[PDB]
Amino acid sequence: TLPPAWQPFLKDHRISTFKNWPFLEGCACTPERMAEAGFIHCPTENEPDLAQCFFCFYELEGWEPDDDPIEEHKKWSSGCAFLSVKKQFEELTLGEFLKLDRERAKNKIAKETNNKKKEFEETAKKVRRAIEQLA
């Protein structure tokens, strides 16, 4: 079929990702409006409302039934390229699509780096405190 590292790229997989979504017809953020905005449902015990853009990897929760996933998406990560893409996936050029997947993989990397950075900082401050206590 279509390689399953690349599926986030098509709405159908994205909606499919919403196994249980609190919001539904009558509400502005349905799994369809969500996917259409590039969100994925990555639920957990502590937060099973958690959605994440498949492109820029921004995560967010505490959704409200009247939030519109698109403006909620511009007002949080404005630099998302996916937002700039106004054409259906199938009408994308292989070059365009490849450029896109590039930028994605990069954004993934930046996210993981930011993460490692914070983790390290925390550990840094722990160790420092300890050694200060010993003073």
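One-based numbering along the sequence shown.
In this entry, the higher average B-factor at the C-alpha atoms falls on 53-61, of the pair 92-100 and 53-61. Taking the PDB entry as given, 44-52 carries the higher mean Cα B factor of the two stretches 105-113 and 44-52. Across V127, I15, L24, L10, the entry's maximum B-factor at the CA atom is seen for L24. In the deposited entry, the Cα temperature factor of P69 places it in the middle third of its chain's modelled residues.
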